[PDB]
Amino acid sequence: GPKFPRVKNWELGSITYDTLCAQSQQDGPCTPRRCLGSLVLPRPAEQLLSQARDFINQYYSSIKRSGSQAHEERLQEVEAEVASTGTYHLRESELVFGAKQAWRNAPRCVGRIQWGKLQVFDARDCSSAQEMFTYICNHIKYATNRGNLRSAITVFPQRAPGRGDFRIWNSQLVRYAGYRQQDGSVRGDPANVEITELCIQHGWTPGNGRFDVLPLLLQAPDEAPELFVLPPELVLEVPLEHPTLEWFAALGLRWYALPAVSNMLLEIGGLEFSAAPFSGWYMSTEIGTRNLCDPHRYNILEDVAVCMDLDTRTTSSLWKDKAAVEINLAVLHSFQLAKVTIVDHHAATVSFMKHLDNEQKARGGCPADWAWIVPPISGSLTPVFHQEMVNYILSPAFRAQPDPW
Amino acid sequence: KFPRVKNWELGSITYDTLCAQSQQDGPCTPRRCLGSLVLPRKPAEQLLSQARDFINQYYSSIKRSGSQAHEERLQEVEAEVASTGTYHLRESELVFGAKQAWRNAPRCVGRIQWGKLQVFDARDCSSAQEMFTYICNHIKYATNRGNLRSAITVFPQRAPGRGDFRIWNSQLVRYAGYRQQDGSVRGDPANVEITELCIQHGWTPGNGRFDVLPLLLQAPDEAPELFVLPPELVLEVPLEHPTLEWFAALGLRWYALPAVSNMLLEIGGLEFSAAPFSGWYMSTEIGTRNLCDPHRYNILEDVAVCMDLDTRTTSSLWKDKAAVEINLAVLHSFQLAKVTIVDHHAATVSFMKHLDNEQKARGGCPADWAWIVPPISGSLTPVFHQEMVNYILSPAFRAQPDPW
Ligand code: HEM
Ligand code: HEM
Ligand SMILES: Cc1ccnc(CCCCCO[C@H]2CNC[C@H]2Cc2cc(C)cc(N)n2)c1
Ligand SMILES: Cc1ccnc(CCCCCO[C@H]2CNC[C@H]2Cc2cc(C)cc(N)n2)c1
Ligand SMILES: C[C@H](O)[C@H](O)[C@H]1CNc2nc(N)[nH]c(=O)c2N1
Ligand SMILES: C[C@H](O)[C@H](O)[C@H]1CNc2nc(N)[nH]c(=O)c2N1
Ligand SMILES: [Zn+2]
């Protein structure tokens, strides 16, 4: 056959070959000796120009003018700018294209069928921590849209030679506090202990609830971060109830509507946007399985199993499985009742299969990380489990970056 | 570079140094990871060095590393390869090698049991009839009236001249799958091809959902022969549900003994083309994959209807809820029948202990995350949150071509 990886779907028997991976210019962590695919984080003028030329080429292909005069002129303009200043700057429409392409390129995202529909807010004029806050509030308002969620990204100024970065210190725009107790346990979300403590070091008066919304720590170049409280009316939340287990509401659980990642670096043509928060909507398992049932998160499985009167003293009762299903159902039901956009893991994986087919035809492949794409409950009940995937790094890309402190 | 390996639930970290012992490349490269692929597309001196490496493993295992016996065994192996192009294992080495092949299998969640393996040496087998006798004794031994005991039977090694000893069936117990002119399948769609090969070689088919297939057994360079397993040797479990009474009416069942019969066992460069092995099931293999895969028995919808679930929308989680009850029924039914089984929580907890044992013993453990994490409730098991490094060590179990 072809000398490109063969990719099989074992449910349907169908075969594709991934040719897109040939475009990867960046190595992942695997070698012929050992696969490191399951690791969460596996650990310059000529170089900038070559990433920039590549990206400008991607742009001109996307608008079907490769080899055109406007294409050759832009290339020259980019080399001249880099030549005389050591950097360059994107056109508005280049940034929109690059932001969408980073999403389309993200191997860990099951929601990529939506990739073409992203509102890009250009905030490259931002010059202060206070203005970042305004931009972020506008982002949250637009994206939340009273529950009819819309995908969006706001892009703050790029990294610059010798000047400090724009950074949002919080990992997400909405995060529940995690308060360390004298006995060593945690009230609230244990994922957020560090950010919670940093907010308190920077003058935040802490609450003491399990769902206290954190303030934002926003950092403009070469300044200490400044603390900003989100007006509560901007943060849509959904109290959790279950459709037939009437006691579930009494548990006082809730989650926020807007999933907005704020700690990732957006890379386009070698340019680095260190503050570029992006948002979409939730797949129900993120809330109902990971955030609520991880042992190191809210860890509510046993509490729910006891309310359901399950035998929690033995693994073979499948008490964990039964409780998790009911908690996932509660999440779906509560978001539906509240008219807030959410997608269940069956619908989301079906839509990703459609995405894979669309991308096979458009680009000859789709970079995908199987362990991240397969949902954390009911894996083999979803079509993606039976689908082989090829994982590789394309650019434009969203990348993890070190914490600013 | 030795990988750092993190558990994200506990925050603990190890470094895998065992991977440096790998002499066999997987499908990944720095440009793209192919870890999710089920089978990626992939002389005396080379046999001699695999042979020496293996003999060293063995003498080290019995602590007699560097002894008279060690050096004379290396000379024997060398003398034999130099003269004949091949060599032969002593039974004690075979037993060590088979256990090590299991220990090394990255897709196996059950490896806490790796030291406890009954090895039947069947290298004095010269006919399909003889293979059948050995397979029947394996089944009787391993089944043990429901108190399942792990075992492997090792038939004669591949030899340069001639055809292989092979068991054509992928497991020793398989249900027939009867294709219909109208395309559909009665029975197990995984076994349509093997069912058809059996008929073509003379089997009189049944017409039920759970007809146990005969074995097609092949001695070198001969047509395969058909053998019907005595019904008494094949322990089966009727499936019922502890509370839902209609569930038994579905007429469902599964066999006790998972015995894989199509993999090649490689020890010291020698290759055992027929070396069936068995343990016991993890319940999700039956309750989730075999019964709920859409390309297997595909019973989710039927169960969901029996439960009166709302089937018209994904967001009712009807699939999830039905899958759970089906898994519960498998566990309940094996327990009631006193047939060994392990649930996915207990199995993954045992595998975590195994990882720790292996860290102390060998400085790592090769494991394939996609296979170790169960197909329901992944993140509810400890293995979901555990980083894993995958690589090929020898001795090994490998896939091999179908013999037809
Ligand atoms: C429109 C609805 C969307 C859905 C349902 C969705 C779904 C998901 C899910 C379920 C994950 C896994 C997260 C986890 O396990 O913690 C994820 C990861 C991700 N998605 Fe999305 N996605 C959406 C939109 C977006 C958008 C708009 C972007 C960027 C513009 C994006 C970029 C990402 C990235 C970069 C990751 C990886 C995050 C990381 O590694 O930390 N996705 N997506
Ligand atoms: C003692 C109880 C055992 C349990 C509970 C167990 C569990 C499992 C499970 C759940 C799988 C994945 C199977 C699938 O998804 O279809 C598996 C695969 C495997 N196990 Fe075991 N195991 C056991 C014993 C053994 C033994 C005795 C051997 C060999 C001597 C072995 C070697 C393997 C191999 C080679 C695979 C991979 C099969 C393939 O790639 O086709 N295991 N094990
Ligand atoms: C836009 C959208 C749509 C739906 N869901 C989301 C939320 C994604 C949350 C991502 C959280 O990922 C974090 C927490 N768990 C694994 C870890 C992965 C990771 C690790 C690190 C060091 C950095 C990073 N950016 N991402 C976002
Ligand atoms: C000892 C033991 C304990 C518990 N379970 C088992 C049964 C294992 C059945 C494995 C069958 O695997 C088959 C069917 N699904 C993926 C596929 C992997 C595979 C594919 C191919 C071509 C060959 C092969 N050997 N293995 C055996
Ligand atoms: C160790 C393992 O890589 C890790 O727990 C991964 C597995 N798959 C995941 N998949 C998603 N979508 N999100 C995650 O946080 C994780 N965690
Ligand atoms: C494509 C994917 O690798 C394939 O469906 C794998 C996933 N994980 C698995 N895990 C186990 N234990 N058994 C399997 O057959 C599979 N199938
Ligand atoms: Zn890999």
# chains A, B, ... in the order shown; residues from 1 in each chain; ligands from 1

$ residues_around --residues "residue 4 (chain B)" --least-positions-apart "2" --cutoff "10 Å" --atoms "only C-alpha atoms" --output "number ranges by chain"
A: 36, 39, 42-43; B: 1-2, 6, 13-17, 387-389

$ interface_residues --of "chain A" --to "chain B" --cutoff "8 Å" --atoms "only C-alpha atoms" --output "PyMOL selection string"
chain A and resi 6-8+11-12+21+24-40+289-290+293-296+315-318+320-322+325+329+332+344+346-347+370-371+376-381+388-393

$ residues_around --residues "region 213-222 of chain A" --least-positions-apart "5" --cutoff "9 Å" --atoms "only C-alpha atoms" --output "compact mmCIF listing (two decimals) with N, CA and C atoms, in the first residue's frame"
# COMPACT_ATOMS: atom_id res chain seq x y z
N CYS A 126 -4.38 45.75 23.39
CA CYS A 126 -4.46 45.83 24.85
C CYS A 126 -3.13 46.28 25.48
N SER A 127 -3.19 47.24 26.40
CA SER A 127 -1.98 47.81 26.98
C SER A 127 -1.98 47.87 28.52
N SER A 128 -2.93 47.20 29.16
CA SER A 128 -2.96 47.20 30.63
C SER A 128 -3.73 46.00 31.16
N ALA A 129 -3.46 45.66 32.42
CA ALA A 129 -4.21 44.62 33.10
C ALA A 129 -5.71 44.96 33.21
N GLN A 130 -6.04 46.22 33.48
CA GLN A 130 -7.44 46.63 33.52
C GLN A 130 -8.16 46.42 32.16
N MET A 132 -7.30 44.22 29.87
CA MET A 132 -7.45 42.77 29.70
C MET A 132 -8.74 42.31 30.36
N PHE A 133 -8.98 42.85 31.56
CA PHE A 133 -10.21 42.52 32.27
C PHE A 133 -11.46 42.87 31.47
N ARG A 163 10.68 42.23 26.33
CA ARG A 163 9.55 42.80 27.08
C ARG A 163 8.81 41.64 27.71
N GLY A 164 8.16 41.87 28.85
CA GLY A 164 7.51 40.77 29.57
C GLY A 164 6.21 40.38 28.89
N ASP A 165 5.67 39.21 29.22
CA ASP A 165 4.47 38.64 28.59
C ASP A 165 3.12 39.13 29.16
N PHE A 166 2.09 39.15 28.32
CA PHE A 166 0.72 39.16 28.83
C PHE A 166 0.42 37.74 29.29
N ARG A 167 -0.15 37.61 30.49
CA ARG A 167 -0.50 36.30 31.03
C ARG A 167 -1.77 36.38 31.85
N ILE A 168 -2.62 35.38 31.69
CA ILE A 168 -3.69 35.14 32.64
C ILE A 168 -3.15 34.04 33.57
N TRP A 169 -3.07 34.30 34.87
CA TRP A 169 -2.49 33.32 35.79
C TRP A 169 -3.43 32.11 35.98
N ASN A 170 -4.73 32.35 36.03
CA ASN A 170 -5.71 31.28 36.19
C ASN A 170 -5.71 30.35 34.98
N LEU A 173 -10.93 30.79 32.98
CA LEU A 173 -11.60 32.03 33.40
C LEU A 173 -12.55 31.79 34.58
N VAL A 174 -13.20 30.63 34.61
CA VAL A 174 -14.05 30.26 35.78
C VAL A 174 -13.41 29.07 36.51
N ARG A 175 -13.18 29.24 37.80
CA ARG A 175 -12.56 28.22 38.63
C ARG A 175 -13.10 28.34 40.04
N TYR A 176 -13.42 27.20 40.64
CA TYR A 176 -13.87 27.20 42.01
C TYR A 176 -12.68 27.12 42.97
N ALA A 177 -12.75 27.89 44.05
CA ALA A 177 -11.67 27.90 45.04
C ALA A 177 -11.45 26.53 45.66
N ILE A 195 -3.66 28.17 42.81
CA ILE A 195 -4.21 29.45 42.33
C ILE A 195 -5.02 30.14 43.44
N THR A 196 -5.73 29.36 44.23
CA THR A 196 -6.48 29.91 45.36
C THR A 196 -5.54 30.61 46.32
N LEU A 198 -2.57 31.73 45.72
CA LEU A 198 -1.91 32.87 45.08
C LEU A 198 -2.82 34.08 45.10
N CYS A 199 -4.13 33.85 44.90
CA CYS A 199 -5.12 34.92 44.97
C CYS A 199 -5.12 35.54 46.36
N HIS A 202 -2.19 37.71 46.95
CA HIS A 202 -2.31 38.98 46.21
C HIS A 202 -3.50 39.85 46.64
N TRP A 204 -6.68 38.80 47.88
CA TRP A 204 -8.07 38.32 47.79
C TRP A 204 -8.60 37.87 49.14
N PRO A 206 -10.65 35.51 50.97
CA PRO A 206 -11.22 34.22 50.61
C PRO A 206 -12.61 33.97 51.20
N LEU A 227 -5.57 41.85 40.54
CA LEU A 227 -6.63 40.96 40.94
C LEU A 227 -7.94 41.57 40.47
N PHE A 228 -8.79 40.78 39.85
CA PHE A 228 -10.10 41.26 39.37
C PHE A 228 -11.21 40.27 39.67
N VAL A 229 -12.24 40.73 40.39
CA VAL A 229 -13.45 39.94 40.69
C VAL A 229 -14.44 40.01 39.52
N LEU A 230 -14.80 38.84 39.00
CA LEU A 230 -15.87 38.75 38.02
C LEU A 230 -17.23 39.12 38.64
N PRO A 232 -20.70 38.73 39.59
CA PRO A 232 -21.33 37.40 39.57
C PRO A 232 -22.34 37.18 38.46
N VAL A 235 -21.14 35.25 35.40
CA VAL A 235 -20.77 33.84 35.52
C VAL A 235 -22.02 32.99 35.61

$ closest_atom_pairs --of "chain B" --to "ligand 4" --cutoff "9 Å" --atoms "only C-alpha atoms and all ligand atoms" --output "Markdown table"
| residue | atom | partner | partner_atom_place_in_ligand_line | distance |
| --- | --- | --- | --- | --- |
| B:38 | CA | ligand 4 | 18 (C) | 6.0 |
| B:39 | CA | ligand 4 | 22 (C) | 6.4 |
| B:108 | CA | ligand 4 | 3 (C) | 7.9 |
| B:109 | CA | ligand 4 | 4 (C) | 8.7 |
| B:110 | CA | ligand 4 | 3 (C) | 7.2 |
| B:150 | CA | ligand 4 | 1 (C) | 7.5 |
| B:151 | CA | ligand 4 | 1 (C) | 8.5 |
| B:170 | CA | ligand 4 | 25 (N) | 7.6 |
| B:171 | CA | ligand 4 | 9 (C) | 7.6 |
| B:190 | CA | ligand 4 | 14 (C) | 8.1 |
| B:257 | CA | ligand 4 | 2 (C) | 8.2 |
| B:258 | CA | ligand 4 | 27 (C) | 4.7 |
| B:259 | CA | ligand 4 | 27 (C) | 5.5 |
| B:260 | CA | ligand 4 | 27 (C) | 5.6 |
| B:261 | CA | ligand 4 | 25 (N) | 8.4 |
| B:262 | CA | ligand 4 | 25 (N) | 5.9 |
| B:263 | CA | ligand 4 | 25 (N) | 5.2 |
| B:264 | CA | ligand 4 | 25 (N) | 8.3 |
| B:277 | CA | ligand 4 | 1 (C) | 5.9 |
| B:278 | CA | ligand 4 | 1 (C) | 4.1 |
| B:279 | CA | ligand 4 | 1 (C) | 4.1 |
| B:280 | CA | ligand 4 | 3 (C) | 5.1 |
| B:281 | CA | ligand 4 | 4 (C) | 4.5 |
| B:282 | CA | ligand 4 | 4 (C) | 6.2 |
| B:285 | CA | ligand 4 | 5 (N) | 7.0 |
| B:289 | CA | ligand 4 | 15 (N) | 8.8 |
| B:397 | CA | ligand 4 | 25 (N) | 8.4 |
| B:398 | CA | ligand 4 | 25 (N) | 6.7 |
| B:399 | CA | ligand 4 | 25 (N) | 4.3 |
| B:400 | CA | ligand 4 | 23 (C) | 6.9 |
| B:401 | CA | ligand 4 | 22 (C) | 7.8 |
| B:402 | CA | ligand 4 | 22 (C) | 8.5 |

$ write_last_selection --atoms "N, CA, C and O atoms" --output "short mmCIF file (atom, residue, chain, number, x, y, z; two decimals), in the first residue's frame"
data_model
loop_
_atom_site.label_atom_id
_atom_site.label_comp_id
_atom_site.auth_asym_id
_atom_site.auth_seq_id
_atom_site.Cartn_x
_atom_site.Cartn_y
_atom_site.Cartn_z
N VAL B 38 -4.13 -1.36 16.46
CA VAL B 38 -4.29 -2.70 17.04
C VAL B 38 -3.16 -3.60 16.50
O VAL B 38 -2.54 -4.36 17.22
N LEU B 39 -2.66 -3.63 15.13
CA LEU B 39 -1.53 -4.33 14.54
C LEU B 39 -0.86 -3.38 13.60
O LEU B 39 -1.27 -3.24 12.45
N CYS B 108 -1.80 -6.81 28.68
CA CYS B 108 -2.42 -7.64 29.73
C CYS B 108 -2.50 -6.96 31.11
O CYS B 108 -1.50 -6.76 31.78
N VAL B 109 -3.73 -6.67 31.51
CA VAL B 109 -4.09 -6.15 32.85
C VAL B 109 -3.99 -7.18 33.94
O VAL B 109 -3.97 -6.84 35.16
N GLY B 110 -3.89 -8.45 33.56
CA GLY B 110 -3.94 -9.57 34.54
C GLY B 110 -2.57 -10.05 35.03
O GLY B 110 -2.46 -11.11 35.69
N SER B 150 -4.66 -20.69 35.46
CA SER B 150 -3.94 -20.25 34.28
C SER B 150 -3.03 -21.32 33.69
O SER B 150 -2.33 -22.00 34.41
N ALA B 151 -3.02 -21.44 32.37
CA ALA B 151 -2.17 -22.48 31.74
C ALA B 151 -1.74 -22.14 30.32
O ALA B 151 -2.34 -21.32 29.65
N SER B 170 -9.12 -18.71 16.69
CA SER B 170 -8.44 -17.65 17.46
C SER B 170 -8.48 -17.91 18.98
O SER B 170 -7.63 -17.45 19.70
N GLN B 171 -9.50 -18.63 19.46
CA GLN B 171 -9.55 -19.15 20.83
C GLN B 171 -10.02 -20.61 20.80
O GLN B 171 -10.60 -21.06 19.81
N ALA B 190 -17.78 -12.00 15.02
CA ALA B 190 -16.32 -12.12 14.99
C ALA B 190 -15.81 -13.43 14.35
O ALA B 190 -14.66 -13.50 13.96
N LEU B 257 -13.90 -20.18 29.90
CA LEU B 257 -12.45 -20.25 29.68
C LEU B 257 -11.95 -19.39 28.52
O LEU B 257 -12.21 -19.71 27.35
N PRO B 258 -11.24 -18.29 28.83
CA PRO B 258 -10.70 -17.52 27.74
C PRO B 258 -9.34 -18.09 27.38
O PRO B 258 -8.41 -17.93 28.14
N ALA B 259 -9.23 -18.76 26.24
CA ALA B 259 -7.98 -19.42 25.82
C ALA B 259 -7.62 -19.01 24.40
O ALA B 259 -8.20 -19.49 23.42
N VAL B 260 -6.64 -18.13 24.31
CA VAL B 260 -6.16 -17.57 23.03
C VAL B 260 -5.23 -18.55 22.34
O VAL B 260 -4.27 -19.03 22.95
N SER B 261 -5.48 -18.82 21.06
CA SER B 261 -4.86 -19.95 20.38
C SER B 261 -4.21 -19.59 19.04
O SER B 261 -3.68 -20.47 18.36
N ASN B 262 -4.19 -18.30 18.68
CA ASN B 262 -3.59 -17.81 17.40
C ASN B 262 -2.29 -17.00 17.55
O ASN B 262 -1.81 -16.42 16.58
N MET B 263 -1.75 -16.89 18.76
CA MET B 263 -0.54 -16.07 18.94
C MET B 263 0.70 -16.90 18.99
O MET B 263 0.69 -18.04 19.44
N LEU B 264 1.78 -16.28 18.54
CA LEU B 264 3.09 -16.92 18.46
C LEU B 264 3.85 -16.58 19.74
O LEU B 264 3.89 -15.41 20.19
N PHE B 277 -2.90 -20.34 25.40
CA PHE B 277 -2.81 -19.98 26.81
C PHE B 277 -4.15 -19.51 27.31
O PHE B 277 -4.96 -18.99 26.55
N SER B 278 -4.39 -19.70 28.59
CA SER B 278 -5.67 -19.33 29.17
C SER B 278 -5.50 -18.80 30.58
O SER B 278 -4.56 -19.12 31.25
N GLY B 279 -6.45 -17.96 31.01
CA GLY B 279 -6.53 -17.50 32.39
C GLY B 279 -7.99 -17.50 32.81
O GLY B 279 -8.63 -18.54 32.78
N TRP B 280 -8.50 -16.34 33.21
CA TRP B 280 -9.90 -16.17 33.47
C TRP B 280 -10.27 -14.78 32.95
O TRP B 280 -9.41 -13.95 32.69
N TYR B 281 -11.56 -14.57 32.79
CA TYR B 281 -12.06 -13.35 32.20
C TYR B 281 -12.11 -12.19 33.18
O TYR B 281 -12.33 -12.38 34.36
N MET B 282 -11.95 -11.00 32.65
CA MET B 282 -12.37 -9.78 33.31
C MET B 282 -13.80 -9.50 32.76
O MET B 282 -14.08 -9.68 31.58
N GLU B 285 -14.86 -7.78 29.39
CA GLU B 285 -14.59 -8.46 28.12
C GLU B 285 -15.89 -9.08 27.59
O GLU B 285 -16.18 -8.96 26.40
N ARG B 289 -17.58 -5.63 25.74
CA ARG B 289 -17.15 -5.82 24.36
C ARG B 289 -17.97 -6.92 23.62
O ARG B 289 -18.57 -6.63 22.61
N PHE B 397 4.68 -12.68 23.41
CA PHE B 397 3.57 -13.18 22.60
C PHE B 397 3.39 -12.20 21.46
O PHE B 397 3.45 -11.00 21.66
N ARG B 398 3.26 -12.72 20.24
CA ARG B 398 3.05 -11.90 19.06
C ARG B 398 1.89 -12.40 18.26
O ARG B 398 1.59 -13.62 18.26
N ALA B 399 1.29 -11.48 17.51
CA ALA B 399 0.34 -11.84 16.49
C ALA B 399 1.10 -12.48 15.32
O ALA B 399 2.30 -12.25 15.15
N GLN B 400 0.42 -13.30 14.53
CA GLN B 400 1.03 -13.93 13.34
C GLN B 400 -0.04 -14.06 12.25
O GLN B 400 -1.23 -14.00 12.54
N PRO B 401 0.37 -14.26 10.98
CA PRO B 401 -0.62 -14.34 9.92
C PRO B 401 -1.60 -15.50 10.12
O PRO B 401 -1.28 -16.47 10.78
N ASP B 402 -2.80 -15.39 9.58
CA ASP B 402 -3.72 -16.52 9.59
C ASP B 402 -3.17 -17.57 8.64
O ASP B 402 -2.64 -17.24 7.59
#

$ residues_around --residues "residue 220 (chain B)" --least-positions-apart "3" --cutoff "6 Å" --atoms "only C-alpha atoms" --output "tab-separated table (two decimals) with N, CA and C atoms, in the first residue's frame"
chain	number	residue	atom	x	y	z
B	163	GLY	N	6.28	-26.51	7.31
B	163	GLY	CA	5.12	-25.83	7.80
B	163	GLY	C	4.99	-25.85	9.30
B	164	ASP	N	4.15	-24.96	9.79
B	164	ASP	CA	3.98	-24.74	11.20
B	164	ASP	C	2.91	-25.66	11.77
B	165	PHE	N	3.04	-26.00	13.06
B	165	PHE	CA	1.90	-26.47	13.84
B	165	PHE	C	1.02	-25.25	14.06
